[PDB]
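In: So I've got this experimental structure, pasted below with the sequence.
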Amino acid sequence: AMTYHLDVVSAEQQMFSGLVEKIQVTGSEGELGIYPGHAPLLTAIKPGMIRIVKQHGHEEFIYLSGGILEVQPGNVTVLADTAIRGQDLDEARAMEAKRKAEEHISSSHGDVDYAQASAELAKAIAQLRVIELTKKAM
């Protein structure tokens, strides 16, 4: 056996729900997706991008930031707040975000001022990597 049913969503959302050989999580801390036998866990999935391979499908990559998870015997499922997928309508208009976020990482206003913004920067460009590889899709 090498497939299971997964269901990732973020409040009224339908990113991936159906058969699934394995997904993929890429965040600062964590580098595994999901498979038929990932033990009964239920913590967070960390931010970053995500890749997957449907049992009868080819492969797709979504993208999240913060959320919890819950796997069951035969199908996993998790919930999150922001869930964007390689696309988000606009594409090159998001590249200017990493530039407007610098003015914040360059301004000092405390020990955790822009320092805490560094986590919202490296996690925002996570959706730019999966969306940049969608140029060869069409």
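Out: Done, it's in. Numbering: from 1, shown residues only.
In: Where do the helices of this structure begin and end?
Out: Across the chain, reading from the start of the chain, the helices by DSSP state H fall at 97-100, 102-105, 113-122, 126-132.
In: doesn't residue 101 make contact with residue 120?
Out: Yes. Taking contacts as CB atoms under 8 Å, residue 120 lies within contact range of residue 101: 7.5 Å. For every residue, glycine as well, the C-beta is placed using N, CA and C.
In: what domains does the record give for the protein?
Out: Structurally, the chain divides into domains by curated CATH domains as follows: 2-89, 90-136.
In: how distant is the first one from the center of its chain?
Out: Spelled out, that is domain 2-89. Here domain 2-89 is found 8 Å from its chain centre; the criterion is CA atoms, centre = their mean, to the nearest Å.
In: Name the nearest residue to residue 46, ignoring sequence neighbours.
Out: Beyond its immediate neighbours in the sequence, the residue positioned closest to residue 46 (CB to CB, 6 or more residues apart in numbering) is residue 27, lying 3.2 Å away.
In: any idea how far the one you found is from residue 99?
Out: 23 Å (CB to CB, to the nearest Å).
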